[PDB]
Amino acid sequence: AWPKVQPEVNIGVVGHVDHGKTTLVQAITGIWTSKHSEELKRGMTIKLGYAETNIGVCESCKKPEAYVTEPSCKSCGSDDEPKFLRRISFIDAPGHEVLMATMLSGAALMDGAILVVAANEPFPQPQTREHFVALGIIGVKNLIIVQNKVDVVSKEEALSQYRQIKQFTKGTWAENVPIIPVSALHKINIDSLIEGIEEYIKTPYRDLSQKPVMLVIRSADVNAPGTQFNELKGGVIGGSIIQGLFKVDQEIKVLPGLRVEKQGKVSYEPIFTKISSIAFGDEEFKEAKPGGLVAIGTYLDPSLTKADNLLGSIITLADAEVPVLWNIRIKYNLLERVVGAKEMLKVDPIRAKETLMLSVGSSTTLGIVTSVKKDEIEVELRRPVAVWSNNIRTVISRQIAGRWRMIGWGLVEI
């Protein structure tokens, strides 16, 4: 039979609102992650979506139909058992223009991505561009472009759009990114997509000797219906491990941690705890490695792990030396244009005293620019950040026309 292992790779699903991201994740995994009525009432799904699947190959059948997402070869007309390849997970990022920050949060977890482009809409829509550029900046360059909703357009329309997309990727880092036509709704040509995922989004090399670091996704910020969060022994903290590994019974800390407030003075103090259990999907494990949304059981009271006063952005081993900073220095670069805006806009230079939004790991923090000199800024953060490394790229956003727009990026210098 097929093994039960944790997912070994995270694949983002990005693109403009209503282009078919959640439907595509369903076509691949069988799982619809969002709540239909909530989406109806709000006109959007604000949480990240998360789902998993095993991937196999029927070695007798021919490709792409030989690829399967369950232990059967019936889809390619064979009674043989498919060979297990790997388990993968998807991170369904919101496409709505008011939700870039959430997308950026999700993007911190991606090892690769699928950009979903609706065939029946003008390419490229504002969040098509914004998400594409964000992926570029962050370094999620193992990309597949999917032309979705091919069932509603003619061959000529699809061809025309294809030419637009080729023209778009031409002369960029994505010049050789494949473009795969599908219908997510009708599950048309999904096997070619799986084939593409195996070809273009290889599981990255993981150096398990690195210090363990996990980026935290608060439970209120994610729809992960398939992942067990058992509070029997205490609060469960979900997220994704970006380096090293964690093990049951290990001592860990949540950083920046708990908001304290002693005599007008405000600080965030680390929350130490211990791993009581580790879960992926509906299975328990002795250890957890990068890839997948892991559920780390602790011995903490759930009232703490769910608290607004807990700034839980990362988890590390208890021994880890991690600066927690209220004021940071960033060596930045600005985009030329506000790529996510409807109007054609140049991004203005960074000005002292302006408010910026900083995406660091899975966290989002507003800050005031105290100093701007050359290609470095100093910013006083509304809440501190935990800087677990010297090589950390933050994404910079600015409020424009009542929405937060990505305008650039930088290195957090410590």
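Sequential numbering from 1, following the sequence displayed.
S.K.: Which of the two stretches, 100-108 or 227-235, shows the higher mean Cα temperature factor in the record?
M.R.: Going by the record's values, the stretch with the higher mean is 227-235.
S.K.: For the C-alpha atoms alone, is the average B factor greater in 141-149 or in 276-284, going by the entry?
M.R.: Per the PDB entry, the higher value belongs to 276-284.
S.K.: By the entry's C-alpha temperature factors, tell me which of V372, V360, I28, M44 sits highest.
M.R.: In the PDB entry, the greatest C-alpha B-factor among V372, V360, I28, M44 is found at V372.
S.K.: With respect to the C-alpha temperature factors reported in the PDB entry, which of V177, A307, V182, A118 ranks highest?
M.R.: The listed residue with the largest C-alpha B-factor is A307.
S.K.: Lowest, middle or highest third of the chain for the C-alpha temperature factor of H19?
M.R.: Its C-alpha B-factor, which the entry lists for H19, ranks in the lowest third among residues of this chain.
S.K.: Taking only the Cα B-factors deposited for this chain, tell me whether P290 sits in the lowest, middle or highest third.
M.R.: Tercile = middle for this residue's CA B-factor.
S.K.: Considering only modelled residues of the same chain, in which third does the CA B-factor of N10 rank: lowest, middle or highest?
M.R.: CA B-factor rank for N10: middle third.
S.K.: In terms of the CA temperature factor given in the entry, to which third of its chain does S160 belong: lowest, middle or highest?
M.R.: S160: CA B-factor falls in the middle third of its chain.
S.K.: Would you mind checking where the Cα B-factor of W32 ranks among the modelled residues of its chain, as the lowest, middle or highest third?
M.R.: Its C-alpha B-factor belongs to the middle third of this chain's values.
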